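Read on for two forms of one protein chain; each stands alone as C-alpha cells, with the labels structure 1 and structure 2.
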Structure 1
C-alpha cells in the first residue's frame, strides 16, 4: 500500500545565505507540526532532490507584473480552494478552479480596463494553522493534508512526515496540469466568456449582469473586428501560491538561482504569511526576508499602522514595488474604520505595496445547523468598503484574494441562488473554510467589475 522512495545517500550555499537561512529558522515558529526531527530530515532530503514546482524566471516575471499592480496599472486576482486535499486533486476539480479564475479575470479586466494578474491558491495549499489543538470532537485538530488526515479518528490525526512528500507529489501533478490547461483552448477569451453568458442566462439575478455581459461580448467582438486574432494575444499565465506555513516543506523546496545568487522558494511562485504566524521576530517573517519570491502578509483587525510599517520595512527593505502585498482582512463592519490609517501610514513611507482585499477570513460565522459559513453580502460589502477606503485616499485598490471553487457547492450563504442554512447540508465539501461556489464567484467578479467602473 506504499510507494517507497530512496533517501539520496549538493551545491553549498554562499556563506551569507546559509547564515541568514539558519538564523531565520532558529527563531520561534508557530503552528508547526510535531513530528520527529529525524523523520522530517529524511523527507526534506527527498524534497531537496525533486524537480521544482516553479522556476526562478517565472517568479521574476510575476514580480514584474505585481510591480505594475503596485503602481496602479494592473489588478490582482488571487483565488482557489481554502484547502486543497489529496482526495480532490483531480483533473475535473483542477480544471473547474482554473476555469472559474479565467472566467472571473475576463470580467475584472473589462471592468478595470487594465490587465489582471491571476494567482491561484493551488499546487501547495495543504497546510493550515489552528487556534485550538483539540477540535470540537475531542480529536487532535486537522491541520491539512501536508500534516495529517481529515478523517475524524485519532490515528488519522497523527502528524505524518510522509505527507510532506505526498504533498509535493500532489502539488507537482496539479501544477503540470495548470500549465497544460492555460495553454489549451481554455485560454481563449471567447470560450471563457461564453461560459459567462451561460451563467447570465441561468442565474436567478442574471438580468442584473446581462448588460455588462453583453458589453463584454461586444468588446471581444470589436477586438476581433479590428483584426486581433487569438493567435497573437498575451496567452494566459496562472501563477501558483499558498500560505508558507510548514517550514520543513518550504525550506526543502528552496533552490539557489544561477545577478547575485539568491534563494528562491520553488514550491510556488508567491506565498503569504498568515495571521497566526506573522510574529514580527518569528521564523516565518524571517524566512520571507531571505527568499526572493514576492510575498504577502495577512493583516487583521488588531493591526496597527505602526506594525504594518515595520512589516513593510523588513519585507521590502530595498523598495521594490510589488515585492510585498498587504492583505487586508478586517470584516465588512470594520474595514472602513480600520484600514485608512494603515494605508496612510504605509503610503507615507514611500514604499509601494499592493493593497489586496481578503473579504472572506474577516467574515465567517457558525450557522444554526452546525456548518461554519460566510454570507455573500458581507463578503461583497467588505470589498465595497475596501474600494471606498482607497478611493478616499487616492490609493490603488490592487486586488482581491478569495476562496472559491468551480464546483456548485453549498458553503457560503446568499448570492443570486439565495443559499440558506438548510441548503448548506446538501453540498458542503470543503476540508476547511466555506468557498464561494462557481456562480457566487462569478457574481462577485461582476460586482467587483462595477466597483472598478464607478
Structure 2
C-alpha cells in the first residue's frame, strides 16, 4: 500500500527572489525528467516540512570550517556513496556513525587538533550519470530520490513522489544521528574501546598497536589531570550530500532571521553540500544556486581542472573572502595527484582566499574487476592521500581533510587492506547501490595510516 500526504492550499525579499530565479533559469545538468506540475506539487509539500537542519547549526559549522581553513582543525567527511530507502535502518545508521567516530578519534590524536565530523547522510539519495542507458540497456538508476535500483524498466521511471520520500527518510535518519551523538554512542572512551577491539583482531593489528596504546595513554592522561569529561561524552556530526536535484534543494530553502546581519537563504536539507564533476559548469545552475545559499559548499576538482578555472570557482563562491566558506575537493587518482595538484594550489593560494583543501582519494581510483564488480584498490586510495600530503608539505599549505565513502558494515567492495580482500571475495557482500565503499575495518585502517601522515 501507500501513505498519502495532503498538498497544502511572507514573500522573499525582492533581491533574493530575483537572484534565486536567475540562478534556477540557468542550464542544469543531470536533472530528472518528470512532469513540472507533479514536481511543483511535491515542492509545495517540502516547502512546508520541518527542516533537516537549522541556520544556527550551519553558522556554527562555518566557524569550525574556518578553523580548518586556517590550519587549526581538520575535516573528516564520510559515509555511503548512495544511501537507500531500504537500508535507512537503525543498525545501518548507527554503524556508519560509529565508523566515522572511530576514524575521528584516531585522526584527532594524530593531527593534534580538532576534527570536524561531517557525515554523508540524510540526503545523498541521488547521483549523476555519464550514460542515460546502463550496461543492461535500462534507464540508469540515479538514486532513490529519482528512481529504483531494481533492474527493470518500470522501477527506473523517474518518480517525483520520491522527493518527499527522500525528505522523510532524511529527517528520520537525522533524528537518529542527533539522538545517538548526544546520548552515549559518541562517548570518547566508548569509541576508543572499539578501536582497541579492532587492533586486537585485525590481521595487521600489530602494525597499529603502538598508536592505539599511545592514544589510550593520552586519554588516561586527561583523566589523571582531572579534566572535566563533559566534552568527552558527546560529539557533533554534521550532515552533507551532493546538491544534485534542484527541485529538492530549492524546496528546502528557508530564509534565516536578521538575528545575524541581513536575512539570507539557507538550504536546510543539510549543513553543507557539494557540487560534483558533472554539474560544476561555471555558468550552470548548480554553481549559481551555491552562490545564493549561505551554507558552506564544496566543489569536486578532477584531472582536467586548470588553475585558472579553480580561481574562478573561488571568486564566484567565496566572493566576500570568508575562510571555510569554500572547500575544494581534489580527486585526481594516485598516479596523478602529485603532478596535477600543485599548480592548482599555488594559484589559489596566490588569490589571498582561504579555502579548505580536501582529498577525495576514492573517485579518481575506481576500476572494474575481472569478476564484474566496480571496485577500488585500498593501496591506491592510501597512496592518493599520501601524495596529497606531500603536495601540501612542499608548498607549506594545510592538508585540510579527507572525503571518503565508508560503511560500518563488513562489506567486500574495495580490494586489499589488512583483510586482503581479493577479486573472488567481492561476490560475498557487494551491497553498495553505486560505488564501492571501504569496510569498517578498512575505513579504520586508513585513519591509522593518515594519522601517521599527519604525524610526520
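Residue numbers count along the first chain shown, from 1. Rigid core here is just the name for the largest C-alpha set that superposes within 1.5 Å across the two forms.
Just one of 132, 229, 137, 154 moves its Cα by 2 Å or more between the two structures on a rigid core overlay, and this residue is 229. Once the core is aligned between the two structures, the alpha carbon position of residue 58 differs by 0.1 Å; this is the C-alpha shift at that site. On core superposition, residue 184 has its C-alpha offset by 1.4 angstrom between the two structures.
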